[PDB]
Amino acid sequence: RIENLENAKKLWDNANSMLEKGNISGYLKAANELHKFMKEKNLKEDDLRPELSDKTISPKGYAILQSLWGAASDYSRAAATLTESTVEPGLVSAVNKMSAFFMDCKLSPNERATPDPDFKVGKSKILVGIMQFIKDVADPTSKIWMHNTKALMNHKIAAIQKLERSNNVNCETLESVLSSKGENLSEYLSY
């Protein structure tokens, strides 16, 4: 157990270090690694938190986690539609829990985050980062409704990027992308 915890400690540092550099996808993957390892080794937040006494999440990190939290929470619910309400909300919601798990390894219950205002990530930038991560961890056979998940994420990433280029990013236009299940495409997507 002693060395499993120290390997979890370094995996946590790796995610925190990824956070200190604004590497979103890299933070998410490192948090994924940490989570998978603790689940395999049967470690819980309580076990590792004492070992993190001397480590800390910066105001910059808390800023990126808050942006990630806000965007993922809105996306999880917008993606719940009459077409389908489990897989896409599940994927986005699981990203959120993965980031909450990183913080719970470090923080006592109900300890507030102290985010730095000037390091806020704009919601359109986080959303692509979330979709890029989902694209990368989704099973190759994963599907959202009738579409392959990876392929639908690419389509949504491109949709958001098109909105940014034409300077047409608002909650209405973003909600359309997040709620879409590609019903008006000409193919069920695939490899």
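Throughout, we count residues from 1 along the sequence that is shown.
Per the entry, higher mean C-alpha B factor between 117-125 and 77-85: Taking the mean B-factor of the alpha carbons in each, 117-125 is higher.
Entry-level comparison of average CA B-factors, 13-21 and 179-187, reporting the higher stretch: Per the PDB entry, the higher value belongs to 13-21.
Highest-ranked of 154, 148, 53, 32 once sorted by CA temperature factor in the record: Answer for 154, 148, 53, 32: 53, with the highest C-alpha B-factor.
Among modelled residues of the same chain, the CA temperature factor third for residue 72: Its C-alpha B-factor belongs to the lowest third of this chain's values.
Chain-wide C-alpha B factor ranking for residue 61, given as lowest, middle or highest third: Highest third - that is where residue 61 ends up once the chain's C-alpha B-factors are sorted.
Where the record places residue 161 (Cα B-factor, split into thirds across the chain): As the PDB entry reports it, the C-alpha B-factor of residue 161 lands in the middle third of its chain.
Where the record places residue 130 (Cα B-factor, split into thirds across the chain): For residue 130, whose C-alpha B-factor we compare with every modelled residue in the chain, the answer is the middle third.
Assigned third (lowest, middle, highest) for the C-alpha B factor of residue 93: According to the entry, residue 93 has a C-alpha B-factor in the chain's lowest third.
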